[PDB]
Every structure is written in structure tokens, then in C-alpha cells.
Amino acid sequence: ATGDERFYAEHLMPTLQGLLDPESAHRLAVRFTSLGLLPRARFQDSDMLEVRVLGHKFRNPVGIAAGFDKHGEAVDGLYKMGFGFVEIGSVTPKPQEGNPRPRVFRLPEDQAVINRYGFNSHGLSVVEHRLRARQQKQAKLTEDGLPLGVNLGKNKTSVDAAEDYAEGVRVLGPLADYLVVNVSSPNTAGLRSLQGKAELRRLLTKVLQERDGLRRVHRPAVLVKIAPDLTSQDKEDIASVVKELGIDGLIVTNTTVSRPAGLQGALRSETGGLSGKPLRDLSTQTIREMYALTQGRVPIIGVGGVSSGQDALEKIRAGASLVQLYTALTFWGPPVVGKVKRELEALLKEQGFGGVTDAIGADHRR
């Protein structure tokens, strides 16, 4: 372990969190990232960490989850942190404010966060222009194993959900290596009902048609991001639709509306999605289920409570080809990225895997 890891985790981050309200801290973190006010990412990615999936090379399998850089303001700073891929968003078609403040809450005793942002978004046009300003820089990054994902949401007041996602595909699809159809935010009324079989098939047919209409060089993979709170029936239905339509992958999972027994944080009963440690194993089990239901043939990006190499490898062994983290960054700061990667490499060696690829879904073959 490094001096920076300890300094950030034990001193700098908790001291600053003591001084800054959650959303102010989030805004400052985005600003610091965009400005490159970041510690040295000392860890060099080994060949063992490379993954080929979704029509792309990923230099390492650790990405930043959606919701950190909602508006595509900090993409390059996120690569400088050592993330193998960056996901921005969620982005809505029209700009919208989201919910009133406060709308993000720390649960320090649980290493968790609850948020009810409600898709605060600069909107498609602003994000489009932001991504266009660095489009060729991104093309080079992608070629060098550092892909970009764009996560799409829907406006609060929109009368046609499928048309919102279609607009996102048309506007940001040409700027993305992959798109995410986010049907799992707990903070937009009626959104999670789009995970239902009939609604999902209709929505995804339209999304895929719009994607297929993009020029070849500008044609992204399409993934669906799902909740950790689905019934067994819901999961069976999603797997069926994914296979029927040839959806490129799944992101598993969004935040939970559950409140696991044992939460200690004073703010545990705030409305919103819960992330971090209490979500971890619920998310891992959802990855495990979805991998089995799709016969290991559908790439999964595993997300929820990853804060160590062990957390990452558990999701990989459960069936994730790639992982993301967010809440761990909020507690431990930028050095957490190198920590996860270093620990993951060590564990892969210890468990006799030649690399990440060999470990994907390994628990299912035990």
C-alpha cells in the first residue's frame, strides 16, 4: 500500500467531508478532476488486466460508474486517475434541474451513500458539444484501450420514454463506444417499470433500430442498466428480451431502494438509491443470476460496492467482464483506483488465473 492511499483515506477525504456538504463535495471532486488536481497514478497496467469485450480493448477492467460525471466535464481527468474506461451521464434530452437540495447523503458508518438527484442534467445538446470538442482525442484514447460510455436517461415531464432514449441514441450514440439504456434509476417516477418485459421489448427494439441507423464508425454497443431490486420474474424476462433482441450487454446494478438490516447511518431512512458497501453483495448476486440466465454469452459490467481488488474479483468470478465503482471514490479518493487494480492483479495471480479474461464467470465452472 502507498502513502497517498493512506493519506487520502485516513486524513484528507474524511477531513474534507467533515467540512463540505455532500453535493458541494461532489461538485468539488468534479472540478478537481477536470483541473487534474489529482495524485500520481503510479500503477502501470499489466497485460493481465486487459479485457476485449463490446467490440473494444479495455486496458484495465475498472471503470467509473455513471453519476460522477453526469455532464461529461471530467472525462480526461478520470482517465488520468487510472480508470480503464469512463461512463458519463445519465444525460436527459432537455436540460433539467433534478430534485431540490439536499438530495445526496453520506452514511459514513456504512461506507454508503443515498442519493435522489433525479437526473439533474445539462441535456443532450450541451453534452454533445462538450464531447465533440474532444472527439478525436477520444478516438485515440479508445484505440489505446480507454473506451467511453454514455448513459442515457429520460426527462421528468416527457410523454414518450422510448422517444427520449431514441433521441439520446441519435445525438450521443455517434460519440460513444457504448450506450447505456438506464431503466433503473430509483429517482424518476415510473422509470423502473420500463424493466418490465413488454415495455422493455418495445423500448429496446426502438433503441436498437436507431443505433443500427448510425454510420459504422459511429455505431456504439447498447447495454441495459438494471436495478438490484428485481424479482426473479423480472430478471428472467430481461434475460429473455436481451437474447431475443441481441442487446450487447448489461450493467448490473444501479442503486438499491432496499434498506438492508444493519445500516447505522443517521440518514438511512432518507428517500433515494443506496450505494456502497451495503449494496455490494446484492449486486454480486444479481450479476451471478444474470450471467446464468444469459448462458455467459452477454457481457456484464458489474457495479455496486466495489472498493477493493477482492470486491472486483468477486464480481468478475460471478460473471462480470468489467467492473465500475463510484461510492468508493467518494470515501477514499483517487488512490482507490490504483489500489483496486493492484489488489486485483495480485489476487488473479494467487488464484491461478492467467488474466482477467480467464476469471470471468469462473465461479460458474467450479
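Counting begins at 1, following the sequence as shown. Basically, rigid core = biggest C-alpha set you can superpose within 1.5 Å across the two forms.
Of the stretches 196-204 and 164-172, which sits farther from where it is here in 9 other deposited structures of this protein, on average over its Cα atoms, after fitting the core? Result of the core-fitted comparison in 9 other deposited structures of this protein: 196-204 deviates more.
Superpose on the core, then say which of 318-326 and 33-41 ends up with the larger RMS Cα offset from this form in 9 other deposited structures of this protein. After the core superposition, the stretch with higher RMS deviation in 9 other deposited structures of this protein is 33-41.
Using the B-factors recorded in the PDB entry, average over the C-alpha atoms of 155-163 and of 224-232, then report which stretch comes out higher. It is 155-163.
Comparing 288-296 with 237-245, which has the greater mean CA B-factor as deposited? Higher of the two, by average CA B-factor, is 237-245.
Name the residue from 128, 177, 212, 97 with the greatest C-alpha temperature factor listed in the entry. Of the options given, 97 has the highest CA B-factor in the PDB entry.
From 63, 333, 304, 36, residue of greatest CA B-factor: The listed residue with the largest C-alpha B-factor is 36.
For the chain shown, is the CA B-factor of residue 280 in the lowest, middle or highest third of its modelled residues? For residue 280, the deposited C-alpha B-factor lands in the lowest third.
Among the chain's modelled residues, which third holds the C-alpha B-factor of residue 43? Top third by C-alpha B-factor.
Split into thirds by Cα B-factor across the chain's modelled residues, where does residue 338 land: lowest, middle or highest? For residue 338, the deposited C-alpha B-factor lands in the middle third.
Give the position of residue 194 by CA B-factor within its chain, expressed as the lowest, middle or highest third. Highest third - that is where residue 194 ends up once the chain's C-alpha B-factors are sorted.
Residue 58: which third of its chain by C-alpha temperature factor? Its C-alpha B-factor belongs to the middle third of this chain's values.
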